[PDB]
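J.: This one is an experimental structure. Sequence first:
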Amino acid sequence: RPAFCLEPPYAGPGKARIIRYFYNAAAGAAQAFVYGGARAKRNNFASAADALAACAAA
Amino acid sequence: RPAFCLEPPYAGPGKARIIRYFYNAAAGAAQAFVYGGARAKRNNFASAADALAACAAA
Amino acid sequence: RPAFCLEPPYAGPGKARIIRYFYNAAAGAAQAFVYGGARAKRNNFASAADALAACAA
Amino acid sequence: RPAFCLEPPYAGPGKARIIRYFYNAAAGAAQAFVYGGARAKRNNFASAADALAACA
């Protein structure tokens, strides 16, 4: 599993209101968070399917 | 809940661009993903309603 | 299936960034939206399973 | 509603595989489509809720 899959989600300072997904490796699942549209970090996916494709596999 | 309902959605190797649905157990929701047309895995349904009927119940 | 189940989601005027779910009657599915914390309408649930239950799905 | 709410979805010339949402005014519903990542038209949203906020 790539290291970035262990990052906590980062909303950032932006004024957009976007639901994104991060992989929660402790829970073994993708989880939704609200992203502000600026200064994205790596564990930040458009969809749960995308988060799982990158990060679900051991 | 059937175990397959916890399997990540699989795009597969095909070149098609088909909208399918999978059960996201962390959210308890059936959500969209892009399927390539080949080698479908189990958590892959033609509609959100279909995925929920198969997988939402405890 | 209650009448509120036909409503589109309502973020409202608040500044919060709360993930909530609404029932999408056309699809028979539960989908997420960003609720601002104020003036919620009825098609607004803390989880997708809550929305599906309320709207008899 | 905005006139763009009547557009059919536009996948565009791109090769990416991105789920996006358009408002289908004939169905009264926001529906998913595959967007290629380039030359988006206006009836193109990252979520069903955003399509409904603009067009419902």
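T.: Here it is on my side, so go on. Numbers count the residues shown, from 1 in each chain, chains lettered A, B, ... in the order given.

J.: only C-alpha atoms for contact and neighbour calcs from this point on.
T.: OK.

J.: Close to chain B: what parts of chain A are there?
T.: Applying C-alpha under 8 Å from any C-alpha of the partner chain, we find that chain A lies next to chain B at A:29, A:30, A:31, A:48, A:49, A:52, A:53, A:56.

J.: Show the buried residues in those residues.
T.: With burial judged by 16 or more other C-alpha atoms under 10 Å in any protein chain shown, the buried subset of the residues of chain A next to chain B is A:29, A:30, A:31, A:48, A:49, A:52, A:56.

J.: what's the farthest-apart pair in those?
T.: Greatest spacing in those, by C-alpha to C-alpha: A:31 and A:56 (11.9 Å).

J.: can you tell me which of the residues of chain A next to chain B lies nearest to chain C?
T.: Taking C-alpha to the nearest C-alpha as the measure, chain C lies nearest residue A:31 of these, at 11.0 Å.

J.: burial measure for the nearest residue to residue A:15 once chain neighbours are set aside, as a count.
T.: Spatial nearest neighbour of residue A:15, chain neighbours left out: residue A:36 (5.3 Å); criterion: C-alpha to C-alpha, 6 or more residues apart in numbering or on different chains. As a burial measure, residue A:36 scores 19 neighbours (other C-alpha atoms under 10 Å in any protein chain shown).

J.: Check residue A:50 too.
T.: The tally of other residues near residue A:50 (other C-alpha under 10 Å) stands at 22.

J.: circling back: anything in contact with each of residue A:31 and residue A:56?
T.: Listed as contacting both residue A:31 and residue A:56 by C-alpha atoms under 8 Å, 6 or more residues apart in numbering or on different chains are residue A:23.

J.: hang on, the earlier thing: from the residues of chain A next to chain B, which two are the most distant?
T.: Greatest spatial distance in the residues of chain A next to chain B: A:31 and A:53, 13.5 Å, computed using C-alpha to C-alpha.

J.: Please, which helix or strand holds the residue nearest the centre of chain A?
T.: When C-alpha atoms, centre = their mean is applied to chain A, the residue found nearest the centroid is residue A:22 (2.0 Å). Assigned by DSSP states H and E, residue A:22 belongs to strand A:18-24.

J.: close to chain C, is the next helix or strand after that strand?
T.: Per DSSP H and E, the first helix or strand lying C-terminal to strand A:18-24 is strand A:29-35. Yes. Interface with chain C: strand A:29-35 contributes A:32, A:33, A:34 (C-alpha under 8 Å from any C-alpha).

J.: phi, psi of the residue in chain A sticking out farthest from the centre?
T.: Relative to the C-alpha centroid of chain A, counting by C-alpha atoms, centre = their mean, residue A:15 is the outermost residue, at 18.0 Å. The phi/psi pair for residue A:15 (degrees, to the nearest 10) reads phi -90, psi 0.

J.: Now residue A:50: phi and psi?
T.: phi -70, psi -40.

J.: now what about stretch A:33-44, what contacts it?
T.: For stretch A:33-44, the external contacting residues (C-alpha under 8 Å, 6+ apart) are A:4-23, A:51, C:17-19, C:34.
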